[PDB]
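Below, in structure tokens: the form deposited in one PDB entry, a single chain.
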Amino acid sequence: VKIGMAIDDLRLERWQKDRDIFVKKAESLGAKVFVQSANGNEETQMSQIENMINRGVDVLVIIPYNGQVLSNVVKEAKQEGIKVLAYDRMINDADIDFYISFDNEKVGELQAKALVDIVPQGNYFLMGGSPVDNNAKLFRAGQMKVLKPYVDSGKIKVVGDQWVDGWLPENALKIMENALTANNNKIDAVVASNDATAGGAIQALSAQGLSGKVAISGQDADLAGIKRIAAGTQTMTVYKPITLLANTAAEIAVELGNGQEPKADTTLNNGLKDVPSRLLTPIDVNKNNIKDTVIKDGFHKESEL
């Protein structure tokens, strides 16, 4: 099986790990893998995807820089018998065959559940990600799925709700201060949607003497986040292991290559058809399993703590 992997931007860290694990596990299953990176350019990617079509690849694995502008090239690909897998980011209005990601709703669920676990009753503030990010909305859907019975029953009172423009920690800091002020510091838990915005909120909390006293959620397992968790100022974070994503992506790719039908958790609709999807299960990281998750994995080294 020949695989063409067209990564939107390798000039950063975000995908260099996905690439190697994917490769090694792909070859391991007996396939050739050709990789190109678009250096964050939409037109380099088009060029590259086309290059892979013209090389006679059996499977295209695309991480789209922009997944709205790929309908014609994907169609072109299907006309040649090539299978298309959307890696991590959905390709919209296109005739793709499969999509692999972490389950973002479950990310939101883990966030809210770790919080109701220690603060079952009290005042909650909701801190979304970018209000124009659909992932932000998926995290919020999972959060509210957990909170709903607590809210409807009066056990939890939502005292604020804001979306952090651009996921900027400085925006989150100002949102937190605003919230604390409007509530006279009476806030028991902050459902923050990532480690970076949580960090900013935590600075506002610290400045009021409230750090370690207010439950707060996160995501990504940033080093700074991991430390806060160890120190007691952050409650938890959500870890999304690259190995798991990249390995499963390779197994799906080979599968697609051998004309097989890989097992899907669900079906997401991209505005053309329903795309079979594996939405991996994200990992709850708290003070008691930091070593058995993010250290054990090599995501962070013990000596960094």
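Counting begins at 1, following the sequence as shown.
- Look at the mean CA B-factor for 91-99 and for 157-165 in the entry; the higher one is 91-99.
- Set 126-134 against 67-75 and average the Cα temperature factors; 67-75 ends up higher.
- In the PDB entry, a CA B factor belonging to the highest third of its chain's modelled residues is recorded for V35.
- The deposited CA B-factor of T237 belongs to the lowest third of values across its chain.
Only in words, not in the display: the form deposited in another entry, which the text now covers.
- Two rigid parts of the chain turn against one another between the shown form and the other one, and the hinge residue out of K240, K148, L173, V35 is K240.
- The distance between the CA atoms of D9 and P169 is at least 3 Å shorter in the other form than in the form shown here.
- Shown here is a form in which the CA atoms of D265 and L115 lie at least 3 Å closer together than they do in the other form.
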